[PDB]
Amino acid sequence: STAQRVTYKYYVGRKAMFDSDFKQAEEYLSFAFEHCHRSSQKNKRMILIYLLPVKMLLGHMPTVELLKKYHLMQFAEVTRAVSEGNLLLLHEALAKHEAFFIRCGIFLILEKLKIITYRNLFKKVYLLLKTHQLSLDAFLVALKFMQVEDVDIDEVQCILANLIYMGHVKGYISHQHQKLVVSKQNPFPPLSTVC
């Protein structure tokens, strides 16, 4: 059946998502979404609930129209926050709908949005200062502005080290000058290429 291939893809898509294979989760869940019978909106919506965070982790943000169309406006402020690098808004938006997200089974996956939100925040700092040697204290200012409690220079280094290790940021920390030295060629790769 087409209904059974759709159900199969739905579940292996969820498996992949929970194993942090987001490219594969995207393949399976996209397929399920697209081949789901146009008539069953309830089915399409359930799939979208999983496909959404997976898309977002790969740098594809949903339109507010999509979210309206399937009554998933719970994702709207989260999407806006992630897109901006607005950690403070992300935290609030996640809390506001904590129960829904948990009942959807995607709460922990949504937590992974903090990683790319950090990435987006730091990219904005780079775009605003327009230099390839960025003082670590500038990132600290951004994180204080986002009200990360107790944050200090050591924490900025730890966050940057994780982003560099994962491939989100192309550069290295020079401790003599407390600078982040980033590549002159596009130091913030598209999120779909970091996977």
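Numbers follow the displayed sequence, beginning with 1.
Here the stretch with the larger average CA B-factor, out of 28-36 and 138-146, is 28-36.
As listed in the deposited structure, the average C-alpha B-factor of 2-10 and of 186-194 is greater for 2-10. Annotation for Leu88, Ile109, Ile115, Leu121: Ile109 ranks highest, by Cα B-factor. Annotation for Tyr126: CA B-factor lies in the lowest third of the chain's modelled residues. Split the chain's modelled residues into thirds by C-alpha temperature factor. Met46 is in the highest one.
Per the PDB record, residue ranking by Cα B-factor puts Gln157 in the middle third of the chain.
Among all modelled residues in this chain, the alpha-carbon of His168 has a temperature factor (C-alpha) in the lowest third.
Annotation for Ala93: C-alpha temperature factor in the middle third relative to the rest of the modelled chain, per the entry.
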